[PDB]
Structures are given as structure tokens and as C-alpha cells.
Amino acid sequence: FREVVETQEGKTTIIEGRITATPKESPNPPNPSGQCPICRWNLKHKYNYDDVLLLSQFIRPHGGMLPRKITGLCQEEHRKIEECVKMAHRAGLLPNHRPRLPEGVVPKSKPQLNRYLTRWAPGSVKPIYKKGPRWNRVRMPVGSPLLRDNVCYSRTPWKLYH
Amino acid sequence: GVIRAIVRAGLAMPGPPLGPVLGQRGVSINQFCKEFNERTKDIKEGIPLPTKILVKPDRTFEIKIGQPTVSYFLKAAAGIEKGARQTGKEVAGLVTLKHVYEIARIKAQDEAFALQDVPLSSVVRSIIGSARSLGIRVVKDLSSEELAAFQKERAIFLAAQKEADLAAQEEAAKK
Amino acid sequence: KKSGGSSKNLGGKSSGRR
Amino acid sequence: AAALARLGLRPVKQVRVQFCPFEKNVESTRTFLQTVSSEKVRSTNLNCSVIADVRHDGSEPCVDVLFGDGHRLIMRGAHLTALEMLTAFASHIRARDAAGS
Amino acid sequence: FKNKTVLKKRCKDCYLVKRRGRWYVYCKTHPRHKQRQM
Amino acid sequence: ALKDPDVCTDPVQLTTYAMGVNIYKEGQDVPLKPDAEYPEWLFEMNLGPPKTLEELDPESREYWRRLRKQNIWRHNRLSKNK
Amino acid sequence: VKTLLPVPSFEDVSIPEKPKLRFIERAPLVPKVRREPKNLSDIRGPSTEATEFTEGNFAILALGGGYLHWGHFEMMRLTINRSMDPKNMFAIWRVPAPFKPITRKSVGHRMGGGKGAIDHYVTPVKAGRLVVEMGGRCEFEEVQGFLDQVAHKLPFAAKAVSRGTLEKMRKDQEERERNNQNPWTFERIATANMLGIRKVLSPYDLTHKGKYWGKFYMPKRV
RNA sequence: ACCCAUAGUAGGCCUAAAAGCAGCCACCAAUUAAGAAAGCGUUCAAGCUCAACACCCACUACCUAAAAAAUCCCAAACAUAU
Ligand code: FES
């Protein structure tokens, strides 16, 4: 990877770029014919929001996603890994990939509400004051429909609406 | 700001459209007149001249003028006073390759073609295309007798045009 | 409430001939 | 750049672009020259110099910016992108203006 | 804002963003173009 | 009172001189050099309608420039009503 | 180095003398006297008329059944004539003028007392019919915009189609009927009265094969 | 998406004037390339985009878009063990 450093000395600023150590794909992918990193390692349909060892390899130090052209992911798996990282952040599973805070700002405290499988941004959802009849019931989404094709080891498929 | 307007030599007037444009930008019209008419003394009055008023701080204007429009050149060289009303259906003039070649020699001297340093053939190609829009057909060789015959027929067609205009005025009178 | 009209088609009451 | 033309080269006084075009890591520095050489950007401040110190010695490309206040900005473009330079360059223009006033 | 079921950019500075769970049209040039998803 | 300037109309003169080429009052209407004094390609110039794509060579400049104009003609046409 | 491609040439297409859509009258020339039954079967099921292109290259395809009244023709005409290029485009009607009489009773009347009086006229349209046909020196992109506007304002589901999009639309439906991996199809079950299913089906369902429900067409059904 | 824009010429005709952009016809030429012009514009002007050139890949998925009533929401819940 590549860094950028700005050092100001004697009213003079010097902006440079250094090349740091770079990781490399582990040798012998179980499926070298795979197109994207996922299919090359027989990982399609086999990861979830809690598999951070996988998800942490496709995000920036501050929790942002990395571009598809750089990672090489298929457009499809990019959307799965993108949703999975959104949910992993909201589950408190990426406690080091936190947003950069300018000028040492100390955020005001928030209520701790543990959560998992959170499809929507918490501040963006309204209360369900009128649940509606049983034949038109306003449901609560759980998980993501992007992961519907994940391998299900139970005879019942994932329920995405509670 | 560069002001572009094809004006006639020595006929600058304070009235529109020249006036309002100059006044809006603050350029003195009287100052323009004093310079223009003096700079247009050796040129035949009434000649359509593409001008280029290089207005610059503070309202300084260098009136650089180029060769007359190629429309003028061709229309005058064909002996007609107006252009074709519907070109492609009405041939209002005839010229030879020699007439076009010599007009190119004068028009190539214009700053527009001179700055491109193009061969004369390229400029000649431009004249032919511009001619086909004015109704003038370029011919390889034309005799004085061939032009006289056509001109006689051309008078008949031109005369009938006047009568047609009167009929249109009657219909416009009701509207 | 509203005065209504009447059908203008009479007859047509014969039964099938078997 | 659009933001660079809107902001202008007002505070800048001399911009020197040095590179060895026969090298393989000057594309960013050569791109930096293209954007600043525009009639748009140069017009914002005609006095502001734009020099092209083309060399062939092997030194990494450099961009030297001299402000009217006397401050200097040195961007070593060997491992920098043109976009990174223009964002950094615009930041100093926005900064030196506030420092003076 | 005007509430709209179909959001249409009216210009070239009119940009589409999703905030608060719905789509918006914000235009800094022509504020009269601002739309809200209904 | 305002009209266009004078137009020469003498048939023979019109055919013996390039009228209007003299723009200087003292200048003289330019007589026409003879055939020999002109290059051969002048009489090989295309005085008719432009060559079509079939007539043009697929490896020539004019061909592609003509094709480009047609592509632009279309673009304008299919955006007129958008 | 953009790769230019040839453009189609419109030298094999002539424009009719009257490219615009003619005016459509509200009611027929001679008024009808005999009042007619409701006859709702005339917007039910697939169309067997005006299902193919004749002169032009683009059209509005009806994706459902319904009745066109005069207000629809006025909307079709003014929108098409105002939006077409008369020099390079022509437009022909593919539906007849309103001919089916529609009766209404006086306001506030009770049931009974004989049938009501003829009120207006309509034109029945079945799904799969061309409503209006266009052609000329244009591509589909040029007309698709405002043909979609008029189609969206029709009393049934409709869509602007081309000589080509119509064909691929039909190839896709036949492709689906062939690669359908479901061993159970509506037709198979309903033709064999499997499960005694005809106790809930119409006789018409033997030919509609589950693609039609009243006047509605379902292009997803195979 | 990013960029980028010179030139015969304000093509004639029409019109008080029309200059790419009233309406009329025609739509050829310059340079590697830029429509007698697609959208905006004005004083008919000028201006601002788009279509070209150059650099060179933006990523573009697939079709899509909604809601309100009156006593008090309405089982509780749940994405994971064949
Ligand atoms: S998972 Fe194989 S193409 Fe993306």
C-alpha cells in the first residue's frame, strides 16, 4: 500500500508518498479458474455478516468499502460483501475500523442497544405504529435479501421479515 | 471581448445594431466613428467587410478588418444582385473554374485561411461548397454566348416572381 | 323518488315449440 | 479541475513543474502540468508563473509552488497521483488566503 | 421541496441522494428543483 | 435610399475578367490566364455532388469524415425530440 | 479512436400525403337505434385482429383489453400529431372509430323500467392488438418517448413497440415455454381436467391457458 | 463521466432586422477533428451546453417506483442442528 505524509519545516511543506508492505493472496487457491476472489476460494454462498476475517479484507482502515476494480470482486459479490460490512459495523464487530474523528472530537455518549443483522441505518427507520391486519402485516426486515442464496443447513429457509 | 459584425465600409452610424452594443459595454460611439471612417477611407464605400473589434482595457478597440465575405465576391462575380431564394432548384448564377481560382487567391490572403497555411487547393474546395449554397453553379468552361442565352430566360422567370408576390399580399391583407 | 320510464318492447312471450 | 478554476491562482506567484519525461513515474506530474496549463486556470492570475523545468538527469519529478506570502509547497510526485496533488494544491490556496487575512 | 412519486432531475446541477430512507433531489443552482420522494 | 452597390453585367466582360477581384479603386479587372498556366488537377476537381460511401475508398480520409458527419447527423436527429 | 458505425438509410421509405392521424368522430355517421348487449367477451382474451405490422415500423401494442372512447382518440391524436415530425414520420390508426353503443340510465333511477338510452360509443380492444402504427424516416428511439406517453394514458396496459422489440417479445415468451423447468403447466392440468380443476375454470381457460384473467393479460404466465 | 471547442460564414432567401437556433430551401468545405447545428439562450446579437479531437475507460444492475380517518397497535416471538 501507499502512504502520503505532509511535513512542514521552516514555513515549507513537503508532501511525499511511500510504499509500505503489501499483502499477497495465499498460494494455491482451491479453484484457480475462479473469476473473483470469492469463487476462487469456493466461498460463494458461504459467508455472512459475522465472518469478519473475510469481510475485513475488503474494507479501508476507517471502515469504508474498497472499490470493485481494486479488489476484483464480481459485481454480485461486491454487493453481498458491501451489505455484510454494513451489518458488521452495526453489530459492533469491527471495533477498529471506526470513522476518522477530526480534531480529536469526543462524541457525546449514545445509548447502547445491541443489535445484529441490521439491514437499515438505525436513524433512518420509523416506528411501526399501525401493524396492520394479518393479511397485510407491516413486517420488520432482518438480514439482507442479498444473502438469500446462502447455503441453508436447515429445512426452513432464512426468514428475512419478522 | 471581441465584437464580430460584418459592416459596410464607411457607413458606421450611431443607430442600431452597432450603437446599443457599444453603449452597453461603455465604448464611445463617437470615438468609434472617428476611428472607423478614417480607417475606411481607401476602401470602396458600401463593401461588406468582416470586422473584429478587439475591445480591450480601457475600452480600447483595434478595428482589424479582413477580406470581404466570399458571398459578396461570388455574387458580384456572377453578375447577380441577390441570391437564390431556394437553392438547388433555382440556378441564379454561373461562374467558371477560372473565376473561382482567382477569388481564392484573394480570399486565401484573409487572416482566417492564411494562419492555417493550407494549400490553395483546400481553399478552392471551400469556394465551390459555398457557391452551391448561393445557387451559383461552377462550370469548367463558359462562353459568352452560353451565358447570354440563359440570361434571357432568367429575365422571364424573374419577372413572374414579382407577380407572385402581389398575390401573396392579398392573402396577407385578410390576416 | 324519480319518475321512471317503461320498456317499449311487447310480445316475445311464446314458449318453445318442442 | 473545476474547483481549482473557481478558486483561482490568486495567492500563488510562481509554480515550477520539474520532471524527467523519459522516466516511468512522471505521468502524475505530467498530468499536473496539463490541468494547470489550461487557459481557464492560467487566466485566474496571469502573473502567476507556470514553468516547465524539463530535465533528463534522473531526479524524481517535483512541483514547487511559491506564494506571494513567501510560503513554499513541495510535492514529490514519484508516488503521488495528479488528483492527490491538485487536492493538496487547492488546500494551500484556500489556507494561505486565510492566514494572510 | 415538492413531494413526488417519480423523481426527475430538472437540470445538470440537480443531484439524486437517498437520505432518511428515501430519495431526494437537491439542486444548489435552482433550489426550486428540490424534490422529496413521496 | 439604402441599397446594394453596383453589379457588373457585361457578358463579354464578365467572361474576360474576374470581376470584383480588384477591390482597390485604381486596380484593374484581372484578365484570365490561359489553360497552360494552370495545373492539371484543376480540371480533375469534383464539380458535382459529393462521392457516396460506395464511391469513397474505405481507407481514405474523406470516407471516415463523411461517415462521422452522418453519425452526427443521426445523433442530432434522434435527440431532436428525445 | 471512436469506432464509427454505418447509419441506416431511409431511401426505401416514402411518406404518405397525409402523415398525421385523421380525425376520429365521436359517434358513427348514421346513429344506431338497436341497443346492444354488454358483450364483454370483446375485450377478453387475445386479439385476433390487427396483431401484425402493415405499413410502419413502430406501434402501440395493447397489453390488455379495454374500451377506447372519443376522449382517448383525442388524446392519442393531439399527442401524436403534436409530437411527430410530419416531414419524416407518418401515423395510421389501427383501431376503428367508436362503433359499440353504450347505454346509460337517467341519474337517480331505480333498477327496472327497460334499458337506458344510448349515451356514447366505444371501440373494444383486445390484448396483443396494435392500436396506432407509425413509420417513416425515423428510428424507434425517436418515437418511443412520446409513444410511451400516449400508451401510458390508455385505459388498458399498453406499450410502445418496434418491428424488432415485438418479435423478441414473442421469442422470449416461446423461449420461456420451452426452457420452463416446472413439470406442471396450467394448460396440461386444465386440458386433462386434472384434480377436477375445471370446476373452478372457465371453458375459455382451455385456450387462455392461465395467461388471461378477465381483461387483464399476464405476460409472466407460461 | 471526465474533459474539451478554432474556421469559409452573419450560407443565401425571408424578414425592420435572422447572425446554428422566426419560417423558407439547400446542407457542401478547412485542420487529426468540431452538425450551415440537438438543447438553452438573447437585441435579430452575444453568451452556455451537447454532438467532434486529444487523454483515456466513468462502471451502467434489471424492469421498476406512494400514501391519510374517525374508542385503543394488535397473539407472543424468531433469520442457523440435517
Ligand atoms: S464470485 Fe465468481 S465472478 Fe464473482
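Just so it is clear: chains get the letters A, B, ... in the order the sequence lines come, proteins before strands, and each one is counted from 1. Atoms within a ligand are numbered from 1 in the order they appear, just like the ligands themselves. Below, each value reflects all heavy atoms present in this structure, side chains not excepted, and no hydrogens, waters or symmetry copies.
- Under the 6.0 Å distance and 45° angle rule, E:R10 does not count as a cation-pi partner of E:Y15.
- Between E:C11 and E:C14, the sulfur-to-sulfur (SG-SG) separation falls under 2.5 Å.
- Close approach of ligand 1 to A:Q35 is summarised as follows: ligand atoms under 4.0 Å from at least one heavy atom of the residue are 3 (S).
- Taking the six-membered ring for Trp, E:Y26 and E:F1 have ring centres closer than 6.0 Å.
- More than 12 heavy atoms of other residues, nucleotides or ligands sit less than 6.0 Å from atom OH of E:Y24.
- Ligand-side atoms of ligand 1 in range of A:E77: 1 (S), 4 (Fe), range being under 4.0 angstrom from any heavy atom.
- In this structure, A:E76 has no heavy atom closer than 4.0 Å to ligand 1.
- The pair D:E27-D:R30 does not meet the salt-bridge criterion, since no charged nitrogen lies less than 4.0 angstrom from a carboxylate oxygen.
- For atom 4 (Fe) of ligand 1, the set of nearby N, O or S atoms under 2.8 Å includes none belonging to A:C39.
- Protein heavy atom nearest atom 1 (S) of ligand 1, with residue, atom name and distance: A:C36 SG, 2.5 Å.
- Of the protein's heavy atoms, A:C74 CB, 3.3 Å lies nearest to atom 3 (S) of ligand 1.
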